[PDB]
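One structure below.
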Amino acid sequence: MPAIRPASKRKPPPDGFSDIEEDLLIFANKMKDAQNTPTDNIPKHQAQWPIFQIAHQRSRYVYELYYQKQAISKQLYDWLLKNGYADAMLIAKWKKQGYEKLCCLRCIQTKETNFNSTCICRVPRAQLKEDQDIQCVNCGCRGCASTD
RNA sequence: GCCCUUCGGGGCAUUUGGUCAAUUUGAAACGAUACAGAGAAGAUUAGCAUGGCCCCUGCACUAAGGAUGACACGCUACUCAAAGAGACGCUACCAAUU
Ligand SMILES: [Zn+2]
Ligand SMILES: [Zn+2]
Ligand SMILES: [Zn+2]
């Protein structure tokens, strides 16, 4: 379970976890530092942006470690997705076509916008104004479209 | 970026949003202090209401309480006369002790 077991109850992870544990702990400590970041000098949605950034990065590490540069077994990959080292739904969207670089699921959630739209970060920057710096309110993405 | 191609081309995906993170000048309120100071025609007071540009506590916007919760207590011509009886009214002002 992803609930914390005592120690004697703890089952070992699969093989290769000793090989990837250092990068996984790098992402975990990055996430704790994002928890401890100050919020006085920035706005509030901007305070929540780094969690989405680090979650995307951790899931991308797992995703391209399994699919692109094959370095982990399928047992280990399924274990990582089950135990919370990567976002299975974000990885599913990365497998979809036209969503190969999606920042977050909240940015394609169309039931939650005013006019049932995706966010502006999903729009190909070829159709936007020049020097129109987008940083979306949801995660601060500057451009996710696969063409971008 | 990926995919397809008859290598000319075509496809997949499509417009977020919370006035800034900044406290003097776009609106918080007690308490302390100062002061005064509790209804019903003598004195003392159980209350229940009434009306709303007065509200408070309460789930009660179909209880109850808040001094009977308070407020009430100033002010005061205006649909408006008639009868009969008066008026040096409406003008003048005036000549003997012995
Ligand atoms: Zn996003
Ligand atoms: Zn976005
Ligand atoms: Zn994005």
Side-chain angles (χ1 to χ4, degrees), chain A residues 1-4 13-148:
Chain A
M1 56 184 201
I4 178 159
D15 304 335
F17 188 76
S18 296
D19 281 339
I20 58 177
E21 198 175 25
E22 272 75 15
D23 295 87
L24 295 193
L25 263 63
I26 281 169
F27 284 121
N29 290 352
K30 199 182 295 291
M31 185 64 73
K32 285 187 185 62
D33 300 344
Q35 283 286 314
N36 276 351
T37 194
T39 187
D40 47 31
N41 46 6
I42 69 165
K44 303 152 87 171
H45 57 280
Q46 299 220 4
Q48 80 190 357
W49 290 353
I51 296 89
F52 292 112
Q53 201 164 341
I54 299 160
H56 180 119
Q57 289 165 214
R58 196 181 32 195
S59 292
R60 203 93 201 190
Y61 178 80
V62 170
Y63 167 76
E64 284 170 359
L65 208 73
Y66 178 66
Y67 279 106
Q68 295 298 109
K69 292 181 181 180
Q70 286 87 358
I72 50 169
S73 55
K74 186 190 147 306
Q75 196 198 23
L76 183 56
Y77 169 78
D78 291 331
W79 183 91
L80 293 174
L81 299 205
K82 195 178 178 54
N83 283 79
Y85 293 92
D87 200 345
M89 295 299 103
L90 200 44
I91 285 161
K93 290 314 175 310
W94 290 339
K95 294 188 228 160
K96 308 289 157 285
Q97 210 167 29
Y99 305 85
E100 281 106 340
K101 289 157 193 198
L102 176 63
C103 44
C104 76
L105 305 161
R106 215 160 47 137
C107 269
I108 44 141
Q109 183 52 227
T110 52
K111 298 187 291 292
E112 290 183 2
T113 48
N114 279 322
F115 302 101
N116 298 299
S117 297
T118 72
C119 47
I120 186 138
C121 76
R122 298 288 303 150
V123 177
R125 296 291 184 269
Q127 322 184 348
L128 295 176
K129 303 283 184 295
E130 304 299 321
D131 308 343
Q132 178 193 0
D133 176 69
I134 300 299
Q135 248 208 306
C136 76
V137 285
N138 276 331
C139 57
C141 156
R142 312 186 166 260
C144 251
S146 301
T147 56
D148 302 348

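Hydrogens, waters and symmetry mates are skipped; everything else that's a heavy atom, side chains included, is used. Lettering of chains follows the sequences in order, A, B, ..., and the numbering in each one begins at 1.
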Legend entry - Base-pairing mate for B:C12 - Watson-Crick or G-U, with both contacts under 3.5 Å: B:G1
Inset, instruction - State the sugar conformation of B:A27 as north or south, using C1'-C2'-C3'-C4' as the deciding torsion. - result: south
Inset, instruction - Taking side-chain hydrogen bond (donor to acceptor under 3.5 Å, both in side chains) as the test, write out the residues that go with A:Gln57, two or more places apart. - result: none
Inset, instruction - State yes or no: are the ring centers of A:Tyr61 and A:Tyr85 separated by less than 6.0 Å? - result: no
Inset, instruction - Starting from the 5' end of RNA chain B, give me the residue, A:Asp148 or A:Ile120, whose nearest nucleotide shows up first. - result: A:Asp148
Inset, instruction - For the nucleotides B:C20 and B:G37, establish whether a Watson-Crick or G-U wobble pair is present, both distances being less than 3.5 Å. - result: no
Legend entry - Residue pairs, two or more places apart or on separate chains, that pass ring-ring contact (aromatic ring centres under 6.0 Å, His included) and touch residues 109-147 of chain A: none
Inset, instruction - Please work out if A:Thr147 contacts a base, only the sugar-phosphate, or nothing of the nucleic acid, heavy-atom cut-off 4.0 Å. - result: base
Inset, instruction - Tell me whether the centres of the aromatic rings in A:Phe17 and A:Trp79 are closer together than 6.0 Å. - result: yes
Legend entry - Nucleotide B:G84: sugar north or south according to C1'-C2'-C3'-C4': south
Inset, instruction - Please determine if A:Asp133 and A:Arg142 form a salt bridge, counting it only when a charged side-chain N lies under 4.0 Å from a carboxylate O. - result: yes
Inset, instruction - Would you grab the first and last nucleotide of RNA chain B (5' to 3') that comes under 4.0 Å of any non-hydrogen atom in chain A? - result: B:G1 to B:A21
Legend entry - Criterion side-chain contact (heavy atoms from CB on, under 4.5 Å) against A:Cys139, the qualifying member of A:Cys107, A:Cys144, A:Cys119: A:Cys107
